[PDB]
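Okay, start14.pdb now, which holds PDB, C-alpha atoms (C1' of nucleotides) and all ligand atoms:
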ATOM      1  CA  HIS E   1       0.000   0.000   0.000
ATOM      2  CA  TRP E   2       3.123   2.224   0.059
ATOM      3  CA  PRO E   3       5.584   1.524  -2.812
ATOM      4  CA  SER E   4       8.105   4.213  -1.756
ATOM      5  CA  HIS E   5      10.714   4.402   1.096
ATOM      6  CA  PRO E   6      10.921   0.808   2.424
ATOM      7  CA  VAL E   7       9.047  -0.391   5.544
ATOM      8  CA  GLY E   8      12.322  -1.444   7.250
ATOM      9  CA  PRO E   9      13.339   2.173   8.094
ATOM     10  CA  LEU E  10       9.626   2.840   8.895
ATOM     11  CA  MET E  11       8.852  -0.210  11.092
ATOM     12  CA  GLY E  12      11.480   1.040  13.596
ATOM     13  CA  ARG E  13       9.639   4.375  14.020
ATOM     14  CA  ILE E  14       5.936   3.403  13.655
ATOM     15  CA  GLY E  15       4.501   0.365  15.483
ATOM     16  CA  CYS E  16       0.976   1.392  14.369
ATOM     17  CA  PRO E  17       1.052  -0.637  11.034
ATOM     18  CA  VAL E  18       1.445  -3.963  12.942
ATOM     19  CA  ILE E  19      -2.345  -3.960  13.559
ATOM     20  CA  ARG E  20      -4.223  -1.608  11.161
ATOM     21  CA  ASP E  21      -2.003  -1.615   8.083
ATOM     22  CA  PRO E  22      -4.221  -2.165   4.932
ATOM     23  CA  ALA E  23      -6.322   0.943   4.358
ATOM     24  CA  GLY E  24      -5.181   2.670   7.540
ATOM     25  CA  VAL E  25      -1.504   3.581   7.457
ATOM     26  CA  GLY E  26      -1.221   3.752   3.656
ATOM     27  CA  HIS E  27      -4.316   5.930   3.079
ATOM     28  CA  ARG E  28      -3.605   8.184   6.077
ATOM     29  CA  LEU E  29       0.019   8.678   4.918
ATOM     30  CA  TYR E  30      -1.099   9.306   1.298
ATOM     31  CA  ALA E  31      -3.821  11.759   2.385
ATOM     32  CA  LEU E  32      -1.421  13.549   4.783
ATOM     33  CA  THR E  33       1.235  13.864   2.027
ATOM     34  CA  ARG E  34      -1.410  15.204  -0.403
ATOM     35  CA  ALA E  35      -2.894  17.458   2.338
ATOM     36  CA  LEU E  36       0.546  19.015   2.956
ATOM     37  CA  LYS E  37       1.422  19.099  -0.789
ATOM     38  CA  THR E  38      -1.776  21.133  -1.421
ATOM     39  CA  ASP E  39      -0.425  23.380   1.378
ATOM     40  CA  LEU E  40       2.637  25.637   0.848
ATOM     41  CA  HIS E  41       5.183  22.993  -0.308
ATOM     42  CA  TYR E  42       5.384  20.575   2.661
ATOM     43  CA  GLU E  43       6.847  17.145   1.749
ATOM     44  CA  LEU E  44       6.129  15.191   5.007
ATOM     45  CA  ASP E  45       8.529  12.268   4.479
ATOM     46  CA  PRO E  46       7.620   9.501   6.976
ATOM     47  CA  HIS E  47      11.166   9.100   8.451
ATOM     48  CA  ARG E  48      10.707  12.068  10.836
ATOM     49  CA  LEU E  49       7.704  10.371  12.518
ATOM     50  CA  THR E  50       8.196   9.551  16.263
ATOM     51  CA  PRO E  51       6.513   6.600  18.142
ATOM     52  CA  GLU E  52       4.354   9.269  19.925
ATOM     53  CA  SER E  53       2.642   9.825  16.498
ATOM     54  CA  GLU E  54       0.052   7.064  17.209
ATOM     55  CA  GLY E  55      -2.383   9.967  16.745
ATOM     56  CA  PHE E  56      -3.272  10.842  13.069
ATOM     57  CA  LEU E  57      -2.405   7.184  12.209
ATOM     58  CA  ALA E  58      -4.579   5.157  14.649
ATOM     59  CA  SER E  59      -7.525   3.077  13.412
ATOM     60  CA  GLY E  60     -10.499   5.452  13.578
ATOM     61  CA  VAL E  61      -9.188   8.732  12.115
ATOM     62  CA  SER E  62     -10.524   9.379   8.602
ATOM     63  CA  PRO E  63      -8.387  10.947   5.817
ATOM     64  CA  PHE E  64     -11.043  13.734   5.683
ATOM     65  CA  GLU E  65     -10.325  14.327   9.416
ATOM     66  CA  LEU E  66      -6.601  14.757   8.535
ATOM     67  CA  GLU E  67      -7.628  17.161   5.721
ATOM     68  CA  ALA E  68      -9.668  19.214   8.238
ATOM     69  CA  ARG E  69      -6.793  19.007  10.780
ATOM     70  CA  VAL E  70      -4.157  20.441   8.379
ATOM     71  CA  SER E  71      -6.650  23.091   7.160
ATOM     72  CA  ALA E  72      -7.353  24.048  10.807
ATOM     73  CA  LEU E  73      -3.593  24.050  11.601
ATOM     74  CA  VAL E  74      -2.930  26.467   8.699
ATOM     75  CA  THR E  75      -6.012  28.456   9.807
ATOM     76  CA  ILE E  76      -5.099  28.785  13.545
ATOM     77  CA  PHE E  77      -1.420  29.450  12.715
ATOM     78  CA  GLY E  78      -0.469  31.361   9.540
ATOM     79  CA  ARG E  79       0.724  28.913   6.835
ATOM     80  CA  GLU E  80       4.204  30.516   6.930
ATOM     81  CA  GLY E  81       4.093  30.074  10.735
ATOM     82  CA  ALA E  82       2.441  26.639  10.366
ATOM     83  CA  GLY E  83       5.154  25.605   7.863
ATOM     84  CA  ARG E  84       7.881  26.832  10.253
ATOM     85  CA  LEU E  85       6.059  25.051  13.133
ATOM     86  CA  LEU E  86       5.775  21.800  11.123
ATOM     87  CA  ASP E  87       9.517  21.808  10.213
ATOM     88  CA  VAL E  88      10.094  20.463  13.790
ATOM     89  CA  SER E  89       7.971  17.918  15.785
ATOM     90  CA  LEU E  90       4.977  16.848  13.595
ATOM     91  CA  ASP E  91       3.201  15.739  16.877
ATOM     92  CA  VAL E  92       1.118  18.991  16.601
ATOM     93  CA  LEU E  93      -0.946  17.086  13.944
ATOM     94  CA  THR E  94      -2.090  14.649  16.719
ATOM     95  CA  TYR E  95      -4.300  17.323  18.359
ATOM     96  CA  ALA E  96      -7.952  17.712  17.336
ATOM     97  CA  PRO E  97      -8.707  21.162  15.778
ATOM     98  CA  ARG E  98     -11.071  22.275  18.613
ATOM     99  CA  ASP E  99      -8.565  21.276  21.347
ATOM    100  CA  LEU E 100      -5.666  22.903  19.435
ATOM    101  CA  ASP E 101      -7.807  26.070  19.082
ATOM    102  CA  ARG E 102      -8.548  25.990  22.842
ATOM    103  CA  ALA E 103      -4.851  25.607  23.787
ATOM    104  CA  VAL E 104      -3.682  28.357  21.368
ATOM    105  CA  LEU E 105      -6.390  30.782  22.633
ATOM    106  CA  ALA E 106      -5.456  30.002  26.278
ATOM    107  CA  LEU E 107      -1.749  30.579  25.418
ATOM    108  CA  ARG E 108      -2.715  33.880  23.716
ATOM    109  CA  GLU E 109      -4.650  34.849  26.863
ATOM    110  CA  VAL E 110      -1.919  33.978  29.435
ATOM    111  CA  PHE E 111       1.125  34.986  27.341
ATOM    112  CA  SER E 112      -0.545  38.188  26.082
ATOM    113  CA  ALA E 113       2.378  40.511  25.254
ATOM    114  CA  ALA E 114      -0.029  43.376  24.375
ATOM    115  CA  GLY E 115      -1.538  44.223  27.763
ATOM    116  CA  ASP E 116      -2.574  42.399  30.948
ATOM    117  CA  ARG E 117      -3.250  38.675  31.596
ATOM    118  CA  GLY E 118      -6.584  39.513  29.920
ATOM    119  CA  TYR E 119      -6.374  39.730  26.095
ATOM    120  CA  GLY E 120      -5.047  43.273  25.795
ATOM    121  CA  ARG E 121      -5.443  45.581  22.759
ATOM    122  CA  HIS E 122      -8.878  44.368  21.558
ATOM    123  CA  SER E 123      -9.335  44.948  17.790
ATOM    124  CA  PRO E 124      -5.346  50.233  14.436
ATOM    125  CA  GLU E 125      -2.562  49.474  16.986
ATOM    126  CA  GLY E 126      -4.853  47.043  18.874
ATOM    127  CA  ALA E 127      -4.871  44.782  15.792
ATOM    128  CA  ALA E 128      -1.069  45.283  15.609
ATOM    129  CA  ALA E 129      -0.728  44.065  19.229
ATOM    130  CA  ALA E 130      -3.092  41.125  18.517
ATOM    131  CA  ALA E 131      -0.964  40.080  15.501
ATOM    132  CA  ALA E 132       2.159  40.372  17.708
ATOM    133  CA  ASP E 133       0.453  38.066  20.274
ATOM    134  CA  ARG E 134      -0.249  35.513  17.483
ATOM    135  CA  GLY E 135       3.418  35.814  16.417
ATOM    136  CA  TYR E 136       4.638  35.305  20.001
ATOM    137  CA  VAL E 137       2.503  32.175  20.583
ATOM    138  CA  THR E 138       3.542  30.654  17.215
ATOM    139  CA  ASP E 139       7.231  31.391  18.008
ATOM    140  CA  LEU E 140       6.820  29.641  21.391
ATOM    141  CA  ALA E 141       5.169  26.723  19.506
ATOM    142  CA  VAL E 142       8.104  26.637  17.021
ATOM    143  CA  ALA E 143      10.535  26.710  19.994
ATOM    144  CA  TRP E 144       8.602  24.013  21.907
ATOM    145  CA  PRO E 145       5.704  21.763  20.768
ATOM    146  CA  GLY E 146       4.981  20.785  24.420
ATOM    147  CA  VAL E 147       3.353  24.183  25.160
ATOM    148  CA  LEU E 148       0.324  22.904  23.132
ATOM    149  CA  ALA E 149      -0.180  20.330  25.961
ATOM    150  CA  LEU E 150      -1.214  23.024  28.520
ATOM    151  CA  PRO E 151      -4.868  21.814  29.196
ATOM    152  CA  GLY E 152      -3.452  18.597  30.725
ATOM    153  CA  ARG E 153      -2.599  20.869  33.680
ATOM    154  CA  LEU E 154      -5.482  23.456  33.321
ATOM    155  CA  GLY E 155      -6.640  26.345  31.117
ATOM    156  CA  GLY E 156      -6.235  28.630  34.157
ATOM    157  CA  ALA E 157      -2.957  27.160  35.498
ATOM    158  CA  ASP E 158      -0.961  28.522  32.501
ATOM    159  CA  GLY E 159      -0.825  31.800  34.464
ATOM    160  CA  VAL E 160       0.057  29.841  37.641
ATOM    161  CA  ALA E 161       3.055  28.195  35.892
ATOM    162  CA  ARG E 162       4.054  31.561  34.349
ATOM    163  CA  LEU E 163       4.124  33.215  37.818
ATOM    164  CA  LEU E 164       6.003  30.193  39.263
ATOM    165  CA  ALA E 165       8.646  31.231  36.695
ATOM    166  CA  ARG E 166       7.952  34.986  37.279
ATOM    167  CA  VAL E 167       8.635  35.356  41.053
ATOM    168  CA  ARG E 168      12.489  35.289  40.744
ATOM    169  CA  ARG E 169      13.602  38.693  39.309
ATOM    170  CA  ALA E 170      11.341  41.104  37.385
ATOM    171  CA  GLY E 171       8.141  41.682  35.354
ATOM    172  CA  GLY E 172       6.437  40.425  32.197
ATOM    173  CA  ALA E 173       8.304  42.136  29.257
ATOM    174  CA  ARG E 174      11.747  40.857  30.374
ATOM    175  CA  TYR E 175      10.186  37.362  30.691
ATOM    176  CA  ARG E 176       8.584  37.397  27.215
ATOM    177  CA  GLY E 177      12.162  37.927  25.959
ATOM    178  CA  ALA E 178      13.533  35.295  28.414
ATOM    179  CA  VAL E 179      10.986  32.467  27.820
ATOM    180  CA  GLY E 180      11.279  32.864  24.019
ATOM    181  CA  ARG E 181      15.067  32.285  24.322
ATOM    182  CA  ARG E 182      15.104  29.291  26.745
ATOM    183  CA  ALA E 183      12.609  26.540  27.701
ATOM    184  CA  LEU E 184      11.953  27.582  31.334
ATOM    185  CA  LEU E 185       8.265  26.463  31.158
ATOM    186  CA  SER E 186       9.088  22.702  31.020
ATOM    187  CA  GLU E 187      10.316  22.609  34.653
ATOM    188  CA  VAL E 188       7.284  24.680  35.775
ATOM    189  CA  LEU E 189       4.885  22.271  33.995
ATOM    190  CA  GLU E 190       6.705  19.277  35.562
ATOM    191  CA  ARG E 191       6.458  20.979  38.996
ATOM    192  CA  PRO E 192       2.686  21.417  38.381
ATOM    193  CA  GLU E 193       2.415  17.656  37.611
TER     194      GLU E 193
ATOM    195  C1'   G U   1     -37.683  50.021  34.300
ATOM    196  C1'   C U   2     -34.706  44.774  36.447
ATOM    197  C1'   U U   3     -30.629  43.185  42.533
ATOM    198  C1'   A U   4     -38.390  44.271  38.811
ATOM    199  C1'   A U   5     -43.173  43.271  40.971
ATOM    200  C1'   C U   6     -44.962  38.942  43.347
ATOM    201  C1'   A U   7     -43.993  34.242  46.264
ATOM    202  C1'   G U   8     -40.218  31.868  49.799
ATOM    203  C1'   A U   9     -35.078  31.145  53.269
ATOM    204  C1'   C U  10     -34.220  34.633  57.135
ATOM    205  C1'   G U  11     -30.660  37.714  62.454
ATOM    206  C1'   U U  12     -26.644  40.716  56.700
ATOM    207  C1'   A U  13     -23.184  36.554  51.843
ATOM    208  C1'   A U  14     -18.534  36.003  50.319
ATOM    209  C1'   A U  15     -13.615  31.738  49.138
ATOM    210  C1'   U U  16      -9.270  31.024  45.827
ATOM    211  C1'   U U  17      -5.819  32.957  42.212
ATOM    212  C1'   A U  18      -4.125  36.724  38.147
ATOM    213  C1'   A U  19      -2.820  41.700  35.837
ATOM    214  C1'   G U  20      -2.063  46.930  36.390
ATOM    215  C1'   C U  21      -0.869  51.349  39.364
ATOM    216  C1'   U U  22       1.942  51.450  43.335
ATOM    217  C1'   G U  23       4.445  52.422  48.537
ATOM    218  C1'   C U  24       8.535  51.680  53.105
ATOM    219  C1'   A U  25      13.428  51.916  55.120
ATOM    220  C1'   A U  26      17.121  50.668  52.567
ATOM    221  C1'   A U  27      24.472  47.521  49.849
ATOM    222  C1'   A U  28      21.306  43.648  44.948
ATOM    223  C1'   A U  29      15.065  41.749  48.572
ATOM    224  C1'   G U  30      10.353  41.144  51.532
ATOM    225  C1'   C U  31       5.431  42.549  53.007
ATOM    226  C1'   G U  32       1.361  45.454  51.882
ATOM    227  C1'   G U  33      -2.786  49.296  49.828
ATOM    228  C1'   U U  34      -6.003  50.171  45.566
ATOM    229  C1'   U U  35      -8.593  49.248  40.466
ATOM    230  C1'   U U  36      -9.760  45.566  36.791
ATOM    231  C1'   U U  37     -10.205  40.495  35.375
ATOM    232  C1'   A U  38     -10.579  34.688  35.941
ATOM    233  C1'   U U  39     -12.983  30.293  38.714
ATOM    234  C1'   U U  40     -16.682  29.402  42.067
ATOM    235  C1'   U U  41     -20.676  30.597  45.159
ATOM    236  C1'   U U  42     -25.253  34.125  44.420
ATOM    237  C1'   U U  43     -33.905  30.207  45.298
ATOM    238  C1'   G U  44     -38.569  30.578  41.367
ATOM    239  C1'   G U  45     -40.156  34.442  38.179
ATOM    240  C1'   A U  46     -35.891  33.977  34.282
ATOM    241  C1'   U U  47     -30.436  32.083  31.562
ATOM    242  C1'   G U  48     -37.310  36.305  30.786
ATOM    243  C1'   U U  49     -37.765  41.978  30.640
ATOM    244  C1'   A U  50     -43.401  46.491  29.320
ATOM    245  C1'   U U  51     -45.915  42.845  22.322
ATOM    246  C1'   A U  52     -42.719  40.631  28.853
ATOM    247  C1'   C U  53     -44.169  38.856  33.999
ATOM    248  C1'   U U  54     -47.907  38.993  38.226
ATOM    249  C1'   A U  55     -52.809  39.892  40.386
ATOM    250  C1'   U U  56     -58.339  40.750  39.852
ATOM    251  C1'   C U  57     -62.893  40.490  36.979
ATOM    252  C1'   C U  58     -65.885  39.078  32.611
ATOM    253  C1'   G U  59     -65.708  34.385  30.029
ATOM    254  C1'   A U  60     -65.596  32.609  22.360
ATOM    255  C1'   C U  61     -67.285  35.371  18.336
ATOM    256  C1'   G U  62     -71.155  38.975  16.354
ATOM    257  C1'   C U  63     -74.713  43.886  17.236
ATOM    258  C1'   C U  64     -75.161  48.687  19.904
ATOM    259  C1'   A U  65     -67.164  53.376  39.025
ATOM    260  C1'   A U  66     -65.459  47.356  33.245
ATOM    261  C1'   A U  67     -62.635  49.664  42.000
ATOM    262  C1'   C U  68     -66.961  47.618  46.431
ATOM    263  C1'   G U  69     -72.286  48.520  44.352
ATOM    264  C1'   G U  70     -77.014  50.781  43.751
ATOM    265  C1'   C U  71     -79.768  54.040  40.735
ATOM    266  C1'   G U  72     -86.799  57.543  45.534
ATOM    267  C1'   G U  73     -91.474  59.567  47.031
ATOM    268  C1'   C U  74     -95.856  63.539  47.598
ATOM    269  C1'   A U  75    -100.004  64.710  45.072
ATOM    270  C1'   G U  76    -102.734  66.935  40.468
ATOM    271  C1'   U U  77    -102.733  69.027  35.116
ATOM    272  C1'   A U  78    -104.933  66.342  27.628
ATOM    273  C1'   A U  79    -113.000  68.509  23.799
ATOM    274  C1'   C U  80    -117.312  60.517  27.105
ATOM    275  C1'   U U  81    -114.861  57.590  31.548
ATOM    276  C1'   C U  82    -109.250  56.650  32.423
TER     277        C U  82
HETATM  278 MG    MG F 201     -48.726  48.883  32.145
END
Can the structure in the file be given as structure tokens, please?
Amino acid sequence: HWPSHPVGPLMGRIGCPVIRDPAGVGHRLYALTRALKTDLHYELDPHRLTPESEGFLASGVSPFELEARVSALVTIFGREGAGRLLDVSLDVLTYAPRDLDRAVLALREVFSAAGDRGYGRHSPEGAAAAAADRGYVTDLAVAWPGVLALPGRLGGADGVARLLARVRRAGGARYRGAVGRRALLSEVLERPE
RNA sequence: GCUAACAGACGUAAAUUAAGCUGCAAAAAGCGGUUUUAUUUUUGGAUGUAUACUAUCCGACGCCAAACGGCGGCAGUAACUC
């Protein structure tokens, strides 16, 4: 069902085709490659896939669901940002579009660089601040795919983890520069778990 | 005219974070005050709002004080009596 790169390099990364191989892995891989080819030039070779990519390949996801997922991923993030995000860690495709929308909106609320913890600068320069907030959240997602797993802790504990990082030295603007340069949120999320 | 009226529970409603503006003496940090926001918790009417809700009366429709509730006597006047 996949005359292409051999299964030997792919059986060591994906243990999903042991059970639901026939229509499942081949059609989902073909539809995902076509769904990213119809996007802005994404190849999606299967070698980069990690064993945590049981999602988007498990028996029960339709190819139409993958088509909606990639369309929602290039709708929630800009396709230049979505292409930069998908260059590293394709595990973002595992999330459902509604849950990914919820996590991105919660990240935009807590990490709002425009104003307060509330979504500052509601939509001339308010739209400019809102676009900067979308850029900041997509840059954090490019830097770390694990920030999309915030609702495992809570939608309201993103601020709690951010202050657990915040209490050491100074205020928010220094920390938006600091957290974008180093992954300080991973220890805070592990401390919350 | 809305946290409505009306009907009930009655000795009185507040709990946990977050952001902002801050302030005190001070060798590189602690505790606060105030405004806004988030989660709860905040009985029906009502997740309603004067074309809506409640109360009272008449009980469709058709034709000519809509609050309790009625709406007098005396003794005579019209070419035969009355
Ligand atoms: Mg009236």
Worksheet item: So which residues get picked by the PyMOL selection byres ((chain U) within 7 of (chain E)) here, written as a VMD selection string?
Response: chain U and resid 18 to 19 37
Practice prompt. Taking the file above as input, evaluate the PyMOL selection byres (((not hetatm)) within 12 of (chain F and resi 201)) and report the hits as a PyMOL selection string.
Written response: chain U and resi 1+5+50-54
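Look at residue U:22: the protein and nucleic acid residues within 12 Å of it, using only C-alpha atoms (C1' of nucleotides) and passing over chain neighbours fewer than 6 places away, are residues 32, 33, 34 and 35 of chain U.
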Discussion item. Around the point (2.2, -1.5, 9.2) (coordinates from the file), which residues reach within 12 Å if we count all atoms listed in the file? Answer as number ranges by chain.
Written reply: E: 1-2, 6-29, 54, 57-59
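The space separating atom CA of residue E:149 from atom CA of residue E:36 comes to 23.1 Å.
Note that atom CA of residue E:165 and atom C1' of residue U:30 are 17.9 Å apart.
Interatomic distance, atom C1' of residue U:15 against atom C1' of residue U:43: 20.7 Å.
Near residue E:144, within 10 Å and counting all atoms listed in the file, sit residues 85, 88, 89, 138, 139, 140, 141, 147, 148, 180, 182, 183, 185 and 186 of chain E; same-chain residues fewer than 3 positions away were not included.
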Discussion item. At a cut-off of 10 Å, using all atoms listed in the file, what residues contact residue E:162? Leave out same-chain residues fewer than 5 positions from it and give the result as a PyMOL selection string.
Written reply: chain E and resi 110-111+157+167+172+175+179+184-185+188-189
Worksheet item: Exactly which residues make up the result of the PyMOL selection byres (((chain E and resi 133) around 8) and not hetatm) on this file, given as a PyMOL selection string?
Response: chain E and resi 108+111-114+129-132+134-137
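Among the candidate residues E:33, E:69, E:47, E:123, the one lying nearest to residue E:5 is E:47, with distances computed using only C-alpha atoms.
The set of protein, DNA and RNA residues with any counted atom at most 8 Å from (-40.3, 29.0, 48.9) (all atoms listed in the file) reads residues 7, 8, 9, 43 and 44 of chain U.
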